[PDB]
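There are 2 protein chains.
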Amino acid sequence: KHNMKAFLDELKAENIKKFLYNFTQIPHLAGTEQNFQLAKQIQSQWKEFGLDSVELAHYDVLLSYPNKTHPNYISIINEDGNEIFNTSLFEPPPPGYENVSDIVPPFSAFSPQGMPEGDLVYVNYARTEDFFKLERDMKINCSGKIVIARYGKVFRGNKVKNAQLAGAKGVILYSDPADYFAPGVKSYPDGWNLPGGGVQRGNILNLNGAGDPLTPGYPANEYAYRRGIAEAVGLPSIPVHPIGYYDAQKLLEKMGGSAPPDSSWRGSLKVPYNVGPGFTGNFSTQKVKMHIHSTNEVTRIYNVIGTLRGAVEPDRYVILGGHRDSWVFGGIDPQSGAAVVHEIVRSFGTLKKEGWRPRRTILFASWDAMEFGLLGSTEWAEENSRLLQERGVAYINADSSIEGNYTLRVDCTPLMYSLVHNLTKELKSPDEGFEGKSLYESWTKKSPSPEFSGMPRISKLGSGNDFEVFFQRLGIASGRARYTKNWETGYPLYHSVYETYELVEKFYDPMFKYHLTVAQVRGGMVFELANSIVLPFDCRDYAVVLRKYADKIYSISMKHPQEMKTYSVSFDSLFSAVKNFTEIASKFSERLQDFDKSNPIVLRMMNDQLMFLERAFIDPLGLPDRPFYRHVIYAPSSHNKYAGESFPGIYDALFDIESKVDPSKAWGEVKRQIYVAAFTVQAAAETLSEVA
Amino acid sequence: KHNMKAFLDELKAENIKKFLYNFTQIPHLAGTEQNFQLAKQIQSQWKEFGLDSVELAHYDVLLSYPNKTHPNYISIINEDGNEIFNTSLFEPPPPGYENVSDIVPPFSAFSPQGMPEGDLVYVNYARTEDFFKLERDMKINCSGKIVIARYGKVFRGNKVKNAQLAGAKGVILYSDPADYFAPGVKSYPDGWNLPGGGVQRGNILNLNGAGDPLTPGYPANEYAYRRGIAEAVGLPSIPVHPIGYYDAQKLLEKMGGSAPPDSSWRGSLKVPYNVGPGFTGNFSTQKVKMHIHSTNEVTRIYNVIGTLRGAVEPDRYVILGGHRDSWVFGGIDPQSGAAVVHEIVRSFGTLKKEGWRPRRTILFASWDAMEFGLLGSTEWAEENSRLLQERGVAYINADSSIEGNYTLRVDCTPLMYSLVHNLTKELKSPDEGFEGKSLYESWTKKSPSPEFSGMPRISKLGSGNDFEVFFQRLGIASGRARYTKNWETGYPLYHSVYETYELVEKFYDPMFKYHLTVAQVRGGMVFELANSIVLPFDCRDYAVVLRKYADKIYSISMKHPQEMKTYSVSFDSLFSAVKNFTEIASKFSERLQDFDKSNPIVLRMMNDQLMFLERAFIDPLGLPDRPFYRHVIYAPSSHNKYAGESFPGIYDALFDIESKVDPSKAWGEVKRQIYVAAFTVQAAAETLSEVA
Ligand SMILES: *[C@@H]1O[C@H](CO)[C@@H](O[C@@H]2O[C@H](CO)[C@@H](O[C@@H]3O[C@H](CO[C@H]4O[C@H](CO)[C@@H](O)[C@H](O)[C@@H]4O)[C@@H](O)[C@H](O[C@H]4O[C@H](CO)[C@@H](O)[C@H](O)[C@@H]4O)[C@@H]3O)[C@H](O)[C@H]2NC(C)=O)[C@H](O)[C@H]1NC(C)=O
Ligand SMILES: *[C@@H]1O[C@H](CO)[C@@H](O[C@@H]2O[C@H](CO)[C@@H](O[C@@H]3O[C@H](CO[C@H]4O[C@H](CO)[C@@H](O)[C@H](O)[C@@H]4O)[C@@H](O)[C@H](O[C@H]4O[C@H](CO)[C@@H](O)[C@H](O)[C@@H]4O)[C@@H]3O)[C@H](O)[C@H]2NC(C)=O)[C@H](O)[C@H]1NC(C)=O
Ligand SMILES: *[C@@H]1O[C@H](CO)[C@@H](O[C@@H]2O[C@H](CO)[C@@H](O[C@@H]3O[C@H](CO)[C@@H](O)[C@H](O[C@H]4O[C@H](CO)[C@@H](O)[C@H](O)[C@@H]4O)[C@@H]3O)[C@H](O)[C@H]2NC(C)=O)[C@H](O)[C@H]1NC(C)=O
Ligand SMILES: *[C@@H]1O[C@H](CO)[C@@H](O[C@@H]2O[C@H](CO)[C@@H](O[C@@H]3O[C@H](CO)[C@@H](O)[C@H](O[C@H]4O[C@H](CO)[C@@H](O)[C@H](O)[C@@H]4O)[C@@H]3O)[C@H](O)[C@H]2NC(C)=O)[C@H](O)[C@H]1NC(C)=O
Ligand SMILES: *[C@@H]1O[C@H](CO)[C@@H](O[C@@H]2O[C@H](CO)[C@@H](O)[C@H](O)[C@H]2NC(C)=O)[C@H](O)[C@H]1NC(C)=O
Ligand SMILES: *[C@@H]1O[C@H](CO)[C@@H](O[C@@H]2O[C@H](CO)[C@@H](O)[C@H](O)[C@H]2NC(C)=O)[C@H](O)[C@H]1NC(C)=O
Ligand SMILES: *[C@@H]1O[C@H](CO)[C@@H](O[C@@H]2O[C@H](CO)[C@@H](O)[C@H](O)[C@H]2NC(C)=O)[C@H](O)[C@H]1NC(C)=O
Ligand SMILES: *[C@@H]1O[C@H](CO)[C@@H](O[C@@H]2O[C@H](CO)[C@@H](O)[C@H](O)[C@H]2NC(C)=O)[C@H](O)[C@H]1NC(C)=O
Ligand SMILES: *[C@@H]1O[C@H](CO)[C@@H](O[C@@H]2O[C@H](CO)[C@@H](O)[C@H](O)[C@H]2NC(C)=O)[C@H](O)[C@H]1NC(C)=O
Ligand SMILES: *[C@@H]1O[C@H](CO)[C@@H](O[C@@H]2O[C@H](CO)[C@@H](O)[C@H](O)[C@H]2NC(C)=O)[C@H](O)[C@H]1NC(C)=O
Ligand SMILES: *[C@@H]1O[C@H](CO)[C@@H](O[C@@H]2O[C@H](CO)[C@@H](O)[C@H](O)[C@H]2NC(C)=O)[C@H](O)[C@H]1NC(C)=O
Ligand SMILES: *[C@@H]1O[C@H](CO)[C@@H](O[C@@H]2O[C@H](CO)[C@@H](O)[C@H](O)[C@H]2NC(C)=O)[C@H](O)[C@H]1NC(C)=O
Ligand SMILES: O=C(O)CC[C@H](NS(=O)(=O)N[C@@H](CCC(=O)O)C(=O)O)C(=O)O
Ligand SMILES: O=C(O)CC[C@H](NS(=O)(=O)N[C@@H](CCC(=O)O)C(=O)O)C(=O)O
Ligand SMILES: *[C@@H]1O[C@H](CO)[C@@H](O)[C@H](O)[C@H]1NC(C)=O
Ligand SMILES: *[C@@H]1O[C@H](CO)[C@@H](O)[C@H](O)[C@H]1NC(C)=O
Ligand SMILES: [Ca+2]
Ligand SMILES: [Ca+2]
Ligand SMILES: [Cl-]
Ligand SMILES: [Cl-]
Ligand code: NA
Ligand code: NA
Ligand SMILES: [Zn+2]
Ligand SMILES: [Zn+2]
Ligand SMILES: [Zn+2]
Ligand SMILES: [Zn+2]
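In the order they appear, the protein sequences are chains A and A'. A prime marks a further copy of an entry chain.
The first sequence lines up with residues 55 to 543, 548 to 750 when you count with PDB author numbering.
The second sequence lines up with residues 55 to 543, 548 to 750 when you count with PDB author numbering.
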């Protein structure tokens, strides 16, 4: 039989292992020849695996690279201007790769050039609340200072934005062992911990969903008109560079000025964690000097797009996509995901060769330049936006398959909660102590829902991955799944040269059983979405979460009862819309289960109602000053791109409102956001009403 | 049989006459009790006629009314401040209506209050080119002057915007007999000409598609947050008032300063048409003083929405809509259209009572507050935007059925050209000298295509009517049809108290045969759109017009050959996209005619490709500073809302470019608009490619 069981049984751990090894022997940095060669390889293999068509979609986008003959580094300088300490020019390469060419040294992609000299201020994680504490409570002024911040907690672009708005003239990012060194585990290559010479790469853009900085709204094709750099979206205005903790120790050890305000500001290095500004009395005349010479360059990138045409609804698209470009070897990020996608294509192709076709079209994507701002997925979606918004059923992401070996982690739209519960009940747990038990059972046990006994945790989609354009801009139901660590006990070698095949094979998943389980979850989800007669979405699950989010946003507002009285701030409209959504979704579910099952139009009709429900939460005017974040329920946090925020428009209107100079205007805007949210929820509910 | 013939034969001239009489006995001004009563009447009658549901959709929108106890008027004042001439406080009411209550006196809706005193400048039609001539050629300065402008040529809101930007402190609008008095025809009530005491009402907003000035983007429902007046969209900043030509004679006769620059600046009054500024030497110390006391008020409006549920595709909507609100009696505008809609509903209801149903759902709308800025249609479409953009097949407008008795006038999307040609070949010409011949034959003879021998003229959609939100904001295929005058030989009594049932019955259409013909065209179009198995759109007709528009915009640019060389301005991408559109549409047409006719999915698929083709020309970012004009091919002219402009983004980038101070920046923006247009055309073409 050709059913989901046939598809799932065909997936093999050993194939994922072979593919991972194959994709991780050399660096695949976006815009390089090596990454074009791998694109062409994947194109060829997807054809052989049996897809109907496989094309490269290329774009010319702004990328960023260090100058090979003018290295980036940081110095301590004395009053003579002698550089008495210099940070490393590269990470010590791992065993057996000390002769690999074209390893890009650690840098912050899209940093401007500069050689700023100044006194250091230590800003903890450089979060919004960290700068509030510095400025408001401690009365420390970052204006004209170089800030040093530890990685962690929030996306690094938000740290740089926060540092900029505090008036910093430069940012040094470093990995603190408190955040990137698990107690009792050995450093690479003897364990999975970050060594002191390890450094996390990564872009520091604030794109807010725009894609290529030079072509917001439109694909960066051959005839594109590009903005000048001065008008580009999202570029930092101050120099930025990342370092490891050996180097960070040398910059922090001399820090004077104020003491850390409390213990949440101290990492694990043998230093005081003084906030500064500047060094202690003896070294008070030494300063920190950055040297950044990286250049921004328009460079060609290549997405691989494979199509498996649907037998019945060829004009309905289920998309499985993840990126291919890596900072260096990409042993976890992204090749642990890409190898899983490759094995999924191979399985689907096996069934197709035997005469099977999915009901709906499946599109498979190998995205480029994800590490430089989600550029490949975003430019392709800008090119194909009309096809995607009228035909896109769902998008399943496929970055790193593993970030630990403890349990499953799923982030998705509420529309997929039921699908995920049902699929995981069918799958075998790969976990020790759960042999012969379902993935649902092990997952629920290890990651209980905070709300419901007997169910597992499923999180909101945030951002920082290739689902962003599909979900937050276009309103296509999206989901992701991977294996994760026990958060009670990211990963230490994230975006370092040490992320290698050997890291995965030795320390994370020697038997490739977690990879296989993630292939089963991602592939199983795609199979159902592409093959179920009725789309496998449950609108009632959206109604439940909308009430939770309405309760939450109301509670935030109600911390200001006087102002709500003074400005007549009511949430009644939003609760009314949520109540209506609950009632209409209940009735729609009855019709879906009860409609005449022989009628394909009532079924195309009701499948269209299911497909366009996520779409209904899109506001074509976007959120304030963020035109490409259009989903009214979910946006990336304005304080942390990685985190999702619910009712983001109301949330941002309320954030720090007690500090606004004109409360009447501020609370007016809260009321405006309540109106927009209530309207959008009611409008989405009405898409599920009887159509005429 | 239940076919289009059955539908068409059921329509009766005598019923349209009875309905017109019924709808025109009392004024139906938006926001008044009389207009609510008529809404309730139409709701009741549409139910009795047999529609499945008929509801009122109400909104609370900004309207504008004169102060009943503080009348608007204009004076000439002497240096003592005696008012030696005053304009009329009302139009002399027509015979038999001198006792009708609640006739709103002539006013310019949305004028601010004020009593500005100054010297007059005469600005011809107050068009962009008229102000260019005043300022650039004649060196006349309007700053701090009261401008007097004759109605005609362009929408009055554009005149007021132009006057404002010239620094005018007030605007007087008047009807010149050159533009509103046909030679050899008698004034009302003895003929169809405007008498000297007649005045044209009308709003002077510049909404650019926004709808209610206080709630752009969102319906003005019960919980709406409204902008303050200071932030409202589209309101004029200087006082404005309309007058007739008896009064205009008194204001113009004393005008001094410069002579008219040529004969195109002189109307038909016995005055010099001096541009001013100010009066001749003897009267040089007299000034003009406006007194405007109208108030803006949020007021409830009511749309009637009737539904005839489709038998096969209930989730596909064909909409027939036109407005119900009038300035006074609405004898032509809009009741000649509303009576036609009423008879169309009655016919459809007759077939429905006999057991018939259309294939797709038909929605019928009686819009409110159209005269105050398309407010009723726009607020309803804002409320229902998600349903309309995923389910809207087509919108057929139904304002005034007649503006003359000469021949047919059709403005529509190219997608409907074939439908209109084929339907009119089936219909009987009502014209004298064409008995027994088709409407197509009489129409082609009297209104030949400027491009193609043997075919009739069909114009682009402009704006200024209720199709605007559906077509230019949401991208739903739209059309309109009415009987019109011979443009070789609008209508004189437009928006005056003299627009009555008697005007129509005596002078325009005594036998109601032109009304019946227009009912046949509008109803026939709705019938086909709602009933044809394959939607009756021909994508190849879009390809033909896109090449015409590309040629036209290229020609405009090529008036600047040096600059095109200097800034490397190429139209190659746009011609390439148009060529591709032509090729793909040709192949799609072959599949449509050749596909397996027994396959309803290939048919729903290909019907969806046809429905979403107009949708593909929408840019979600809108046009520059006009977020609600989103169609890249068609926008209302930025110089005249009534006129359509093709490739509006490129057109506006090129307009008056030789006057821009920074040519590099100006031509950069031309290139950006070429990129956006070429991309959008290619993207629309790709929606017609095979789907997978
Ligand atoms: C959740 O779902 C419910 C429906 O189950 C919606 O209920 C609607 O709520 C609105 C209030 O926001 C009601 O609006 C009121 O309508 C009255 C007229 O309604 C009748 O006629 C209309 C046609 O015009 C029909 O649509 C309707 O079926 C009724 O037959 C108005 O008279 C009311 O205005 C008066 O009172 C208010 C309040 O004091 C004043 O501000 C006004 O000045 C005026 O005096 C009012 O506008 C509406 O009738 C309800 N529809 C129903 C019950 O079907 C909720 O709105 C929805 N929630 C959201 C967020 O959309
Ligand atoms: C109208 O329809 C036609 C298709 O019939 C489109 O034609 C495309 O035109 C673009 C130019 O805008 C061509 O782009 C060129 O692609 C080359 C690679 O193409 C091959 O491989 C790709 C995958 O990456 C496949 O998609 C494709 O099928 C080919 O197999 C590039 O090498 C070219 O770049 C080089 O030359 C240019 C020009 O000098 C330089 O600027 C670059 O630096 C580089 O050296 C170029 O990008 C594309 O191949 C054409 N596709 C075809 C023929 O199928 C038109 O674009 C379309 N019109 C519009 C407005 O969309
Ligand atoms: C995840 O799995 C759960 C559990 O299987 C699943 O919920 C179940 O879905 C089925 C199918 O819709 C439900 O069965 C329906 O029950 C009602 C009431 O008993 C019946 O009226 C329905 O009968 C109609 O449809 C049948 C075909 O399904 C026809 O055979 C019949 O002639 C009728 O037309 C129907 O049997 C069942 O109640 C639920 N169980 C629950 C909710 O506990 C859920 O849908 C899955 N989630 C997905 C797929 O996303
Ligand atoms: C306006 O009217 C014109 C004139 O009637 C109309 O164009 C015509 O449309 C018909 C129907 O599509 C065309 O007929 C087709 O001709 C091709 C080539 O000869 C045939 O291959 C097609 O046959 C297929 O489809 C038939 C059903 O229509 C089946 O019976 C058959 O088995 C095949 O599947 C088909 O007969 C005809 O060529 C044109 N005439 C022209 C273009 O001159 C136009 O569509 C109308 N516009 C509308 C409705 O908007
Ligand atoms: C990854 O696997 C691919 C596919 O097997 C290898 O590419 C093949 O290389 C052989 C030998 O050079 C060629 O004959 C084939 O034409 C290639 N197939 C392709 C590109 O489709 C590739 O060598 C492997 N990479 C590594 C690093 O081992
Ligand atoms: C990268 O840095 C190198 C080395 O400093 C730069 O190459 C020099 O450029 C200057 C002019 O800008 C020349 O006068 C030198 O002769 C060059 N030196 C070498 C070693 O080639 C180069 O400008 C930088 N590359 C960039 C900005 O991409
Ligand atoms: C840090 O690196 C800098 C730059 O390479 C070193 O300073 C240079 O040293 C050479 C020879 O001693 C001088 O000729 C250059 O003029 C110096 N350049 C600058 C910018 O200072 C410095 O010696 C290094 N410091 C350490 C501790 O190795
Ligand atoms: C932090 O220090 C800078 C000075 O280095 C302050 O920035 C000044 O702001 C005032 C106006 O508010 C201007 O007159 C100065 O020109 C600014 N200085 C420069 C050179 O930019 C800033 O106000 C301080 N932050 C505090 C304590 O609020
Ligand atoms: C327009 O026609 C309507 C419908 O016939 C008339 O309204 C009817 O009036 C009669 C007598 O007052 C009532 O018995 C009916 O209930 C009304 N029908 C409705 C409102 O549906 C109306 O009087 C006519 N208007 C004019 C000006 O003649
Ligand atoms: C319309 O004009 C009338 C008449 O001038 C205004 O009514 C007067 O309002 C003032 C205060 O604004 C009172 O002191 C007078 O007693 C009122 N007179 C009358 C005749 O009632 C009224 O303000 C205006 N209405 C509006 C603005 O809608
Ligand atoms: C034009 O109308 C104005 C306002 O009604 C008239 O001027 C008023 O006349 C009365 C009595 O003569 C005075 O008490 C008022 O003070 C006047 N008001 C103003 C604002 O001037 C004027 O007489 C009328 N002119 C003509 C030609 O009839
Ligand atoms: C038309 O006349 C007005 C003066 O009445 C001019 O407007 C002035 O513009 C200059 C700056 O360009 C300012 O200094 C004045 O304050 C403005 N006047 C007022 C009172 O607004 C205008 O420039 C003239 N137009 C021409 C001839 O270009
Ligand atoms: O540019 C972006 O939006 C992010 C690009 C890249 N995305 S990622 O894959 O490396 N981010 C993690 C987020 C880490 C976490 O929150 O656990 C992920 O999605 O796995 C980065 O953060 O540099
Ligand atoms: O607010 C608007 O956009 C226009 C409202 C109203 N529309 S209209 O129906 O009166 N305009 C005419 C345009 C007259 C013409 O161009 O022949 C029409 O569409 O018939 C008006 O112009 O005041
Ligand atoms: C793999 O699982 C074991 C058992 O809990 C754990 O001790 C080890 O740290 C895990 N490896 C990684 C890389 O998380
Ligand atoms: C009606 O048609 C006749 C014949 O051409 C024409 O003379 C007359 O002016 C028309 N009436 C109107 C109102 O246009
Ligand atoms: Ca782009
Ligand atoms: Ca509105
Ligand atoms: Cl992922
Ligand atoms: Cl019309
Ligand atoms: Na493109
Ligand atoms: Na609403
Ligand atoms: Zn990454
Ligand atoms: Zn990644
Ligand atoms: Zn009108
Ligand atoms: Zn009208």
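The C-beta atom is built at its ideal place from N, Cα and C for all residues, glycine as well.
Closest by C-alpha distance to residue i, when choosing among the options
{"i": "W541 (chain A')", "options": "A':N459, A':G168, A':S322", "result": "A':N459"}
{"i": "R527 (chain A')", "options": "A':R673, A':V342, A':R181", "result": "A':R673"}
{"i": "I138 (chain A')", "options": "A':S496, A':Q340, A':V592, A':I642", "result": "A':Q340"}
Counted within 10 angstroms of its Cβ, other Cβ atoms place residue i as buried (16 or more) or exposed
{"i": "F164 (chain A)", "result": "buried"}
{"i": "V464 (chain A')", "result": "buried"}
{"i": "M169 (chain A')", "result": "exposed"}
{"i": "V382 (chain A')", "result": "buried"}
{"i": "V239 (chain A')", "result": "exposed"}
{"i": "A313 (chain A)", "result": "exposed"}
{"i": "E648 (chain A)", "result": "exposed"}
Contacts that residue i makes with chain A' (C-beta to C-beta distance below 7 Å)
{"i": "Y279 (chain A)", "result": "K729, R730, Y733"}
{"i": "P678 (chain A)", "result": "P678"}
{"i": "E486 (chain A)", "result": "The contacting residues do not exist; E486 (chain A) stays about 43 Å from chain A' at best."}
Partner residues on chain A for residue i, Cβ-Cβ distance less than 8 Å
{"i": "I659 (chain A')", "result": "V366, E367, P658, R662"}
request  = Count the C-beta pairs between the segment 566–581 of chain A' and the segment 591–609 of chain A' that are closer than 8 Å, then say yes if the count reaches three, no if not.
outcome  = Because the criterion of three Cβ pairs below 8 Å is not met, the segment 566–581 of chain A' and the segment 591–609 of chain A' do not touch.
key: Near-chain A residues of the segment 701–731 of chain A' (beta-carbon distance less than 8 Å), N- to C-terminal order   = Taking 8 Å as the upper bound on Cβ-Cβ separation, chain A lies near residues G726, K729, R730 of the segment 701–731 of chain A'.
inquiry  = For the structure I just gave you, are there three or more beta carbon pairs, one from the segment 677–694 of chain A and one from the segment 253–270 of chain A, closer than 8 Å?
reply    = With contact defined as three or more Cβ pairs closer than 8 Å, the segment 677–694 of chain A and the segment 253–270 of chain A are in contact.
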